[PDB]
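Asks: Just so it is clear, I am handing over model16.txt, which has compact mmCIF, C-alpha atoms and all ligand atoms.
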```txt
# COMPACT_ATOMS: atom_id res chain seq x y z
CA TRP W 1 -10.90 20.02 -52.53
CA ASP W 2 -13.13 17.60 -50.61
CA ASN W 3 -11.91 14.73 -52.80
CA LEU W 4 -8.22 15.03 -51.91
CA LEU W 5 -7.50 13.03 -48.76
CA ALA W 6 -3.83 14.04 -48.48
CA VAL W 7 -1.04 15.62 -50.51
CA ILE W 8 2.63 14.77 -50.91
CA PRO W 9 3.93 18.32 -50.39
CA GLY W 10 7.25 18.57 -52.17
CA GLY W 11 8.78 15.14 -52.63
CA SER W 12 8.56 11.47 -51.80
CA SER W 13 10.94 11.94 -48.86
CA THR W 14 8.83 14.84 -47.59
CA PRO W 15 6.02 13.52 -45.33
CA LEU W 16 2.59 13.81 -46.92
CA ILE W 17 0.04 16.13 -45.31
CA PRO W 18 -3.78 15.90 -45.17
CA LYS W 19 -6.43 18.53 -45.85
CA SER W 20 -6.54 19.24 -42.11
CA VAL W 21 -2.95 20.51 -42.30
CA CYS W 22 -2.80 21.84 -45.88
CA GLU W 23 -5.91 24.04 -45.59
CA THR W 24 -3.83 27.25 -45.40
CA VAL W 25 -0.10 26.41 -45.50
CA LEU W 26 2.02 28.15 -48.13
CA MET W 27 4.55 26.07 -50.06
CA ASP W 28 7.63 27.70 -48.55
CA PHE W 29 10.63 26.22 -46.76
CA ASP W 30 9.85 27.81 -43.39
CA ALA W 31 6.12 27.02 -43.42
CA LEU W 32 6.80 23.51 -44.73
CA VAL W 33 9.32 22.86 -41.95
CA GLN W 34 6.83 23.88 -39.26
CA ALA W 35 4.27 21.76 -41.15
CA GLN W 36 6.42 18.74 -40.17
CA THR W 37 7.52 18.28 -43.79
CA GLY W 38 9.65 19.99 -46.43
CA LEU W 39 9.14 21.70 -49.76
CA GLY W 40 12.19 19.89 -51.16
CA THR W 41 11.62 19.73 -54.91
CA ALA W 42 8.01 21.02 -54.79
CA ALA W 43 6.80 17.60 -55.98
CA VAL W 44 3.16 18.16 -55.03
CA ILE W 45 1.23 14.91 -55.42
CA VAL W 46 -2.44 15.28 -54.54
CA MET W 47 -4.23 12.16 -53.37
CA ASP W 48 -7.93 11.52 -52.85
CA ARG W 49 -10.28 9.66 -50.50
CA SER W 50 -10.81 6.74 -52.89
CA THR W 51 -7.17 5.65 -52.94
CA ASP W 52 -5.75 4.14 -49.76
CA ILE W 53 -2.94 6.08 -48.08
CA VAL W 54 -1.26 2.89 -46.87
CA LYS W 55 -1.23 1.57 -50.44
CA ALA W 56 0.01 4.97 -51.61
CA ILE W 57 3.11 4.94 -49.40
CA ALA W 58 3.36 1.17 -49.90
CA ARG W 59 4.62 1.71 -53.44
CA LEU W 60 6.81 4.60 -52.27
CA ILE W 61 8.51 2.65 -49.48
CA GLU W 62 8.78 -0.37 -51.79
CA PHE W 63 10.55 1.94 -54.25
CA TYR W 64 12.79 3.15 -51.42
CA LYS W 65 13.73 -0.45 -50.63
CA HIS W 66 14.49 -0.83 -54.34
CA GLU W 67 16.93 2.10 -54.20
CA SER W 68 18.90 1.78 -50.96
CA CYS W 69 22.54 1.20 -51.84
CA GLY W 70 22.98 -1.01 -48.76
CA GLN W 71 26.21 0.67 -47.64
CA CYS W 72 25.18 1.46 -44.06
CA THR W 73 23.38 -1.00 -41.81
CA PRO W 74 20.35 1.18 -40.86
CA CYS W 75 19.29 1.83 -44.46
CA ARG W 76 20.19 -1.65 -45.72
CA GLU W 77 18.28 -3.43 -42.94
CA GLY W 78 15.70 -0.93 -41.69
CA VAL W 79 14.10 -0.09 -45.03
CA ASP W 80 13.70 -3.77 -45.89
CA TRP W 81 12.24 -4.39 -42.43
CA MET W 82 9.90 -1.44 -43.01
CA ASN W 83 8.75 -2.94 -46.32
CA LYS W 84 7.75 -6.27 -44.77
CA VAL W 85 5.88 -4.88 -41.76
CA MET W 86 4.21 -2.19 -43.90
CA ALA W 87 3.10 -4.82 -46.43
CA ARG W 88 1.21 -6.41 -43.54
CA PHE W 89 -0.17 -2.97 -42.68
CA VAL W 90 -1.81 -2.82 -46.12
CA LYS W 91 -3.87 -5.85 -45.16
CA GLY W 92 -3.65 -4.97 -41.46
CA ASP W 93 -1.64 -7.88 -40.04
CA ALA W 94 -0.40 -6.33 -36.80
CA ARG W 95 -1.40 -5.22 -33.30
CA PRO W 96 -1.91 -1.69 -31.93
CA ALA W 97 1.69 -1.52 -30.66
CA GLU W 98 3.22 -2.27 -34.08
CA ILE W 99 2.56 1.32 -35.19
CA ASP W 100 4.56 2.38 -32.14
CA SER W 101 7.32 -0.01 -33.21
CA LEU W 102 7.11 1.33 -36.75
CA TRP W 103 7.46 4.69 -35.01
CA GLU W 104 10.42 3.34 -33.04
CA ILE W 105 12.51 1.90 -35.87
CA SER W 106 11.74 4.98 -37.97
CA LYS W 107 13.57 7.09 -35.39
CA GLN W 108 16.30 4.44 -35.24
CA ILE W 109 17.14 4.91 -38.93
CA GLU W 110 16.41 8.66 -38.75
CA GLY W 111 19.82 10.34 -38.91
CA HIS W 112 21.89 7.24 -38.09
CA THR W 113 22.51 6.52 -41.78
CA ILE W 114 25.58 7.63 -43.71
CA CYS W 115 23.41 9.55 -46.16
CA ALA W 116 20.08 11.37 -46.10
CA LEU W 117 18.15 8.58 -47.83
CA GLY W 118 17.65 6.71 -44.55
CA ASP W 119 15.94 9.57 -42.74
CA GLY W 120 14.58 10.41 -46.17
CA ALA W 121 12.77 7.09 -45.74
CA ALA W 122 11.86 7.90 -42.13
CA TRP W 123 9.94 11.07 -42.96
CA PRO W 124 7.21 9.66 -45.29
CA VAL W 125 6.25 6.81 -42.97
CA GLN W 126 6.70 9.12 -39.97
CA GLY W 127 4.19 11.59 -41.41
CA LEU W 128 1.82 8.74 -42.26
CA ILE W 129 1.93 7.47 -38.67
CA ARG W 130 1.36 10.84 -37.03
CA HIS W 131 -1.55 11.95 -39.23
CA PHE W 132 -3.76 8.96 -40.13
CA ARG W 133 -3.29 6.97 -36.94
CA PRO W 134 -6.99 5.95 -36.68
CA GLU W 135 -6.95 4.86 -40.33
CA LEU W 136 -4.21 2.34 -39.53
CA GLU W 137 -6.15 1.11 -36.50
CA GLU W 138 -9.42 0.59 -38.37
CA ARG W 139 -7.85 -1.06 -41.43
CA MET W 140 -5.90 -3.27 -39.03
CA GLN W 141 -9.12 -3.77 -37.07
CA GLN W 142 -10.88 -4.74 -40.30
CA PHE W 143 -8.10 -7.27 -40.89
CA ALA W 144 -8.99 -9.06 -37.65
CA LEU W 145 -12.72 -9.66 -38.14
CA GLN W 146 -12.58 -10.53 -41.85
CA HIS W 147 -9.91 -13.14 -41.00
CA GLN W 148 -11.48 -14.19 -37.69
CA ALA B 1 8.98 1.11 38.42
CA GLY B 2 6.12 -0.88 39.90
CA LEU B 3 6.34 -4.51 40.91
CA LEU B 4 9.77 -6.04 40.37
CA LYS B 5 9.52 -8.07 37.17
CA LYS B 6 10.42 -11.70 37.82
CA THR B 7 12.71 -12.31 34.84
CA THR B 8 14.14 -10.27 31.98
CA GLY B 9 13.46 -12.94 29.36
CA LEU B 10 17.22 -13.27 28.71
CA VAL B 11 18.83 -16.15 30.58
CA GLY B 12 22.04 -15.12 32.34
CA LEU B 13 20.95 -11.50 32.66
CA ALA B 14 19.19 -11.05 36.00
CA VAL B 15 16.87 -8.34 37.31
CA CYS B 16 18.43 -5.52 39.33
CA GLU B 17 16.04 -4.38 42.06
CA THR B 18 17.50 -0.84 42.30
CA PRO B 19 18.12 0.03 38.65
CA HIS B 20 17.63 3.80 38.48
CA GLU B 21 20.45 4.80 40.83
CA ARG B 22 22.83 2.16 39.44
CA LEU B 23 22.32 3.71 36.01
CA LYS B 24 22.97 7.09 37.64
CA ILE B 25 26.24 6.15 39.34
CA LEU B 26 27.43 4.44 36.14
CA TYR B 27 26.75 7.52 34.03
CA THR B 28 28.73 9.76 36.37
CA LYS B 29 31.60 7.26 36.31
CA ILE B 30 31.96 7.43 32.53
CA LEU B 31 31.69 11.20 32.80
CA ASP B 32 34.42 10.98 35.45
CA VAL B 33 36.82 8.86 33.39
CA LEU B 34 36.01 11.06 30.38
CA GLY B 35 37.69 13.90 32.27
CA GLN B 36 41.12 12.44 31.51
CA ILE B 37 40.75 12.47 27.71
CA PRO B 38 41.48 16.01 26.42
CA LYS B 39 38.76 18.30 25.14
CA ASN B 40 39.60 18.24 21.42
CA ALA B 41 38.87 14.50 21.28
CA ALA B 42 35.79 13.57 19.24
CA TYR B 43 34.96 10.41 21.21
CA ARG B 44 34.80 12.54 24.36
CA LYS B 45 32.43 15.01 22.67
CA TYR B 46 30.21 12.19 21.38
CA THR B 47 29.76 10.47 24.75
CA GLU B 48 29.76 13.66 26.79
CA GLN B 49 26.76 14.32 24.54
CA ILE B 50 24.76 11.14 25.16
CA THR B 51 25.78 10.60 28.80
CA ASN B 52 24.48 13.74 30.52
CA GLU B 53 21.51 13.84 28.15
CA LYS B 54 20.66 10.24 29.02
CA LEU B 55 21.60 10.98 32.63
CA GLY B 56 18.95 13.71 32.48
CA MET B 57 15.62 11.92 32.74
CA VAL B 58 17.01 8.92 34.64
CA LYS B 59 17.79 11.56 37.25
CA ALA B 60 14.39 13.20 36.69
CA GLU B 61 12.01 10.40 35.69
CA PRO B 62 12.24 7.59 38.28
CA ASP B 63 9.88 5.06 36.65
CA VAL B 64 12.00 2.41 34.94
CA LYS B 65 8.92 1.31 32.99
CA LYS B 66 8.88 4.72 31.33
CA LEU B 67 12.69 4.60 31.21
CA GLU B 68 12.33 1.79 28.65
CA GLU B 69 11.13 4.18 25.93
CA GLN B 70 13.22 7.09 27.24
CA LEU B 71 16.37 5.26 26.05
CA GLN B 72 14.67 3.08 23.38
CA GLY B 73 17.26 0.41 24.16
CA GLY B 74 15.27 -2.47 25.59
CA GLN B 75 15.11 -3.45 29.23
CA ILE B 76 16.91 -1.35 31.83
CA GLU B 77 18.61 -4.41 33.34
CA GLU B 78 20.72 -4.69 30.17
CA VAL B 79 20.94 -0.93 29.60
CA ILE B 80 23.14 -0.78 32.70
CA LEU B 81 25.01 -3.74 31.23
CA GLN B 82 25.48 -1.65 28.09
CA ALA B 83 26.47 1.29 30.31
CA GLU B 84 29.14 -0.96 31.82
CA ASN B 85 30.31 -1.74 28.28
CA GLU B 86 30.67 1.99 27.61
CA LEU B 87 32.71 2.25 30.82
CA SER B 88 34.90 -0.57 29.53
CA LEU B 89 35.43 1.37 26.30
CA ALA B 90 36.42 4.51 28.21
CA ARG B 91 39.08 2.51 30.01
CA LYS B 92 40.14 0.85 26.75
CA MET B 93 40.58 3.85 24.44
CA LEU B 94 42.29 5.75 27.24
CA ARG B 95 45.18 3.55 26.06
CA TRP B 96 44.26 3.52 22.36
CA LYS B 97 44.33 7.33 21.91
CA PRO B 98 43.41 7.29 18.21
CA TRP B 99 43.52 11.07 17.82
CA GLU B 100 46.92 10.96 16.16
CA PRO B 101 46.90 10.78 12.36
CA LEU B 102 47.08 7.39 10.63
CA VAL B 103 49.86 5.09 11.76
CA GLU B 104 50.51 4.34 8.08
CA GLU B 105 48.94 5.42 4.84
CA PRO B 106 47.87 2.29 2.92
CA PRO B 107 50.85 0.95 0.95
CA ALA B 108 50.39 2.21 -2.62
CA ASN B 109 47.08 1.11 -4.15
CA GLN B 110 46.43 -1.90 -1.96
CA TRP B 111 42.79 -0.77 -2.11
CA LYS B 112 41.00 0.08 -5.39
CA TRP B 113 39.18 -3.12 -6.23
CA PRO B 114 39.00 -4.48 -8.90
CA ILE B 115 42.62 -5.16 -9.80
CA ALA X 1 -9.90 -45.72 5.08
CA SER X 2 -10.41 -50.14 4.15
CA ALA X 3 -10.30 -50.03 7.94
CA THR X 4 -13.57 -51.11 9.54
CA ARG X 5 -15.33 -48.90 12.06
CA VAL X 6 -14.38 -50.90 15.16
CA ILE X 7 -10.71 -50.43 14.28
CA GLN X 8 -11.38 -46.72 13.73
CA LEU X 9 -12.74 -46.28 17.26
CA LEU X 10 -9.64 -48.05 18.59
CA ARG X 11 -7.35 -45.69 16.69
CA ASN X 12 -9.49 -42.66 17.54
CA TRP X 13 -9.80 -43.51 21.24
CA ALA X 14 -6.15 -44.44 21.74
CA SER X 15 -4.89 -41.25 20.08
CA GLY X 16 -7.63 -39.10 21.62
CA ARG X 17 -8.60 -37.56 18.27
CA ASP X 18 -10.47 -38.43 15.08
CA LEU X 19 -8.18 -39.47 12.25
CA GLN X 20 -10.57 -40.22 9.39
CA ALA X 21 -10.81 -36.44 8.96
CA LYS X 22 -7.19 -36.30 7.76
CA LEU X 23 -4.73 -39.13 7.14
CA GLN X 24 -0.98 -39.36 6.67
CA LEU X 25 -1.20 -40.96 3.22
CA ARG X 26 -2.97 -39.71 0.09
CA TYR X 27 -6.17 -40.64 -1.71
CA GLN X 28 -8.31 -39.49 -4.66
CA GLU X 29 -7.93 -35.88 -3.48
CA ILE X 30 -4.64 -35.42 -5.36
CA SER X 31 -4.62 -33.69 -8.72
CA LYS X 32 -4.41 -36.08 -11.66
CA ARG X 33 -0.95 -36.55 -13.17
CA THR X 34 -2.13 -35.43 -16.65
CA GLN X 35 -2.90 -31.77 -16.02
CA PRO X 36 -3.81 -29.66 -19.08
CA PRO X 37 -1.09 -27.73 -20.93
CA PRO X 38 -0.27 -24.33 -19.42
CA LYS X 39 -0.13 -20.89 -21.04
CA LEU X 40 2.71 -19.23 -19.05
CA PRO X 41 2.61 -15.40 -19.05
CA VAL X 42 4.93 -13.03 -20.88
CA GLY X 43 7.46 -10.63 -19.38
CA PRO X 44 6.51 -7.16 -18.18
CA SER X 45 8.97 -5.65 -20.67
CA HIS X 46 7.89 -8.01 -23.47
CA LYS X 47 6.11 -5.18 -25.28
CA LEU X 48 7.28 -4.35 -28.80
CA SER X 49 6.57 -0.66 -28.13
CA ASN X 50 9.23 1.48 -26.44
CA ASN X 51 11.33 -1.12 -24.61
CA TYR X 52 14.91 0.12 -25.00
CA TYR X 53 17.49 -1.56 -22.79
CA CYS X 54 18.79 1.97 -22.13
CA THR X 55 16.05 2.14 -19.47
CA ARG X 56 16.63 -1.14 -17.59
CA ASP X 57 20.39 -1.54 -17.04
CA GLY X 58 20.48 -3.18 -13.61
CA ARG X 59 23.98 -4.51 -14.19
CA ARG X 60 25.09 -1.22 -15.77
CA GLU X 61 23.29 1.11 -13.35
CA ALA X 62 25.53 -0.20 -10.56
CA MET X 63 28.00 2.37 -9.27
CA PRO X 64 31.36 1.87 -7.52
CA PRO X 65 31.14 2.64 -3.80
CA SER X 66 30.62 6.30 -3.01
CA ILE X 67 33.66 8.12 -1.63
CA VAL X 68 32.76 9.79 1.68
CA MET X 69 36.04 10.18 3.55
CA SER X 70 39.47 9.13 2.29
CA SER X 71 42.88 9.18 3.94
CA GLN X 72 44.43 10.83 0.88
CA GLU X 73 28.74 21.60 16.07
CA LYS X 74 28.69 17.81 15.67
CA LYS X 75 25.67 15.58 16.28
CA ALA X 76 25.53 12.00 17.53
CA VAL X 77 23.98 9.50 15.10
CA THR X 78 23.43 5.75 14.82
CA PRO X 79 23.64 3.49 11.74
CA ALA X 80 19.87 2.95 12.03
CA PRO X 81 17.05 3.77 14.45
CA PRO X 82 17.08 1.38 17.42
CA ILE X 83 14.80 -1.60 17.00
CA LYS X 84 11.21 -1.52 18.21
CA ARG X 85 10.14 -3.96 20.92
CA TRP X 86 7.55 -6.09 19.12
CA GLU X 87 4.41 -6.87 21.09
CA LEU X 88 3.30 -10.33 22.17
CA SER X 89 1.35 -12.69 19.91
CA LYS X 90 -2.26 -11.64 19.39
CA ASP X 91 -3.44 -15.16 18.53
CA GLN X 92 -1.56 -16.93 21.33
CA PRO X 93 1.01 -14.95 23.36
CA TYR X 94 1.74 -17.54 26.06
CA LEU X 95 2.27 -21.10 24.82
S1 LIG Z 201 21.17 5.25 -46.15
FE1 LIG Z 201 22.46 5.78 -47.94
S2 LIG Z 201 24.52 4.95 -47.41
FE2 LIG Z 201 23.05 3.96 -45.99
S3 LIG Z 201 22.49 2.02 -47.02
FE3 LIG Z 201 20.92 3.55 -47.64
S4 LIG Z 201 21.71 4.40 -49.60
FE4 LIG Z 201 23.46 3.33 -48.61
```
Give the structure from this file in structure tokens form.
Replies:
Amino acid sequence: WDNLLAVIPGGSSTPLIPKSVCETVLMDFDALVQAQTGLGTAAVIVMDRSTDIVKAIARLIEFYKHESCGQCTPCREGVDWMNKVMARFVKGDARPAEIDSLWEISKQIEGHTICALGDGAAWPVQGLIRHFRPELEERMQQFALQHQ
Amino acid sequence: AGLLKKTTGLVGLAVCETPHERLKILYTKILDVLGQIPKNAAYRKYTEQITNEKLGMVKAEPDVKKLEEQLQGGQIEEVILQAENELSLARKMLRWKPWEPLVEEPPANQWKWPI
Amino acid sequence: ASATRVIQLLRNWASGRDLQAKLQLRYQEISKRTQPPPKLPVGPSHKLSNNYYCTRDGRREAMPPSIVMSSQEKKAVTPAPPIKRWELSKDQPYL
């Protein structure tokens, strides 16, 4: 249990949750909804301290960019924009306010898309922002001094 | 009151040496001419409101130096000038009589900018 | 500046004041005409955090004039409080 840093609860779209949230929650629709996620397809992916969460959702959001049909502007443009800024986040090439922007454009594509893939892309990054905020700051902070 | 101030600081407007009673007799005069205009008139009610009220302390308080801030309208020597102007208005709108409804409603939508 | 002292007394005495303290023309005191490049600030709303134009809509927040009375016991008021007699100059009231 101590090894697992966070868990994808029920699907890639469903925002991942850490041990601090998943210590007692039952995998049910109502409890998942109040856990700021969803059970969806019960795709439970457990993920440990060793692996980096930003890299974990990096491949997910890269996959999402590889699957948007491009029909509506928010999904066609926003997901690609998310991929580029997040790729910097893996190294940490941003400022404190970029997480707030990544928060901002996530809400912009949340629900404004024709289909539920756009907000389906909002939720994973949205959960990542809300939970491991200090992790983003320190990895981004590490980016600054190593490339001083 | 006190020593008669040499000049008012406004060229053309002189200093009246007996200002308090001149302001008195003016204020009665506008009250007098305001008798003609019937009671329902709003202009009458407005100036029958500020005349006697402003006639109050000028009748009571005799010091024109304190009368400056009693009326908060600058020097007394031009307050009476303004009082004369109010008397001129009473004479003027005794002809105007604007208590009737509008002469004309505005022709169609001549107002309502923009076009 | 060039001007010898005996000339300076003549100018100072005739005008009744000392002029070498400050002169009409310029001298080395001016800033050099090759000032370093500047680093002009950014706008107050330049942040890439929440900055939606839905907040600042100066042109759009304008409202057509408010309707108060249209053709289609009372108090007496004034458009503004009467002005306040400002006091004399503290540094030099009577010039
Ligand atoms: S959100 Fe759906 S409809 Fe819009 S571009 Fe993406 S896949 Fe197409």
Asks: Counting all atoms listed in the file, figure out which residue out of W:9, W:127, W:96, W:111 gets nearest to ligand LIG 201 (chain Z).
Replies: W:111
Asks: Which neighbours of stretch 13-26 of chain B fall inside 9 Å, counting all atoms listed in the file, when residues of the same chain fewer than 6 positions from it are skipped, and could you give them as a PDB file with C-alpha atoms, in the coordinates of the input?
Replies:
```
ATOM      1  CA  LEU B   4       9.770  -6.040  40.370  1.00  0.00           C
ATOM      2  CA  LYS B   5       9.520  -8.070  37.170  1.00  0.00           C
ATOM      3  CA  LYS B   6      10.420 -11.700  37.820  1.00  0.00           C
ATOM      4  CA  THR B   7      12.710 -12.310  34.840  1.00  0.00           C
ATOM      5  CA  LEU B  55      21.600  10.980  32.630  1.00  0.00           C
ATOM      6  CA  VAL B  58      17.010   8.920  34.640  1.00  0.00           C
ATOM      7  CA  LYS B  59      17.790  11.560  37.250  1.00  0.00           C
ATOM      8  CA  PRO B  62      12.240   7.590  38.280  1.00  0.00           C
ATOM      9  CA  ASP B  63       9.880   5.060  36.650  1.00  0.00           C
ATOM     10  CA  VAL B  64      12.000   2.410  34.940  1.00  0.00           C
ATOM     11  CA  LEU B  67      12.690   4.600  31.210  1.00  0.00           C
ATOM     12  CA  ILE B  76      16.910  -1.350  31.830  1.00  0.00           C
ATOM     13  CA  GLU B  77      18.610  -4.410  33.340  1.00  0.00           C
ATOM     14  CA  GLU B  78      20.720  -4.690  30.170  1.00  0.00           C
ATOM     15  CA  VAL B  79      20.940  -0.930  29.600  1.00  0.00           C
ATOM     16  CA  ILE B  80      23.140  -0.780  32.700  1.00  0.00           C
ATOM     17  CA  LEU B  81      25.010  -3.740  31.230  1.00  0.00           C
ATOM     18  CA  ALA B  83      26.470   1.290  30.310  1.00  0.00           C
ATOM     19  CA  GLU B  84      29.140  -0.960  31.820  1.00  0.00           C
ATOM     20  CA  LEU B  87      32.710   2.250  30.820  1.00  0.00           C
TER      21      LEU B  87
END
```
Asks: Distance atom CA of residue W:117-atom CA of residue W:77, one decimal place?
Replies: 13.0 Å
Asks: Any residue with an atom at most 7 Å from ligand LIG 201 (chain Z) counts, using all atoms listed in the file. Which are they? Put them as a ChimeraX atom specification.
Replies: /W:68-76,113-118
Asks: Could you give me, as a ChimeraX atom specification, the residues within 6 Å of stretch 41-50 of chain W, counting all atoms listed in the file and dropping anything in the same chain fewer than 4 positions from it?
Replies: /W:3-11
Asks: Residues of chain W were defined as contacting chain X if any atom lay at most 9 Å from it, counting all atoms listed in the file; please report them as a tab-separated table (two decimals) with C-alpha atoms, in the frame of the given file.
Replies:
```tsv
chain	number	residue	atom	x	y	z
W	97	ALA	CA	1.69	-1.52	-30.66
W	98	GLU	CA	3.22	-2.27	-34.08
W	99	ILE	CA	2.56	1.32	-35.19
W	100	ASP	CA	4.56	2.38	-32.14
W	101	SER	CA	7.32	-0.01	-33.21
W	102	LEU	CA	7.11	1.33	-36.75
W	103	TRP	CA	7.46	4.69	-35.01
W	104	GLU	CA	10.42	3.34	-33.04
```
Asks: Quick check, in Å to one decimal: how far apart do atom CA of residue W:121 and atom CA of residue W:67 lie?
Replies: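 Taking atom CA of residue W:121 and atom CA of residue W:67, their separation equals 10.7 Å.
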Asks: Point out the residue among W:109, W:136, W:56, W:22 with the least atom-to-atom distance to residue W:123, counting all atoms listed in the file.
Replies: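 When distances to residue W:123 are compared using all atoms listed in the file, the smallest one comes from W:109.
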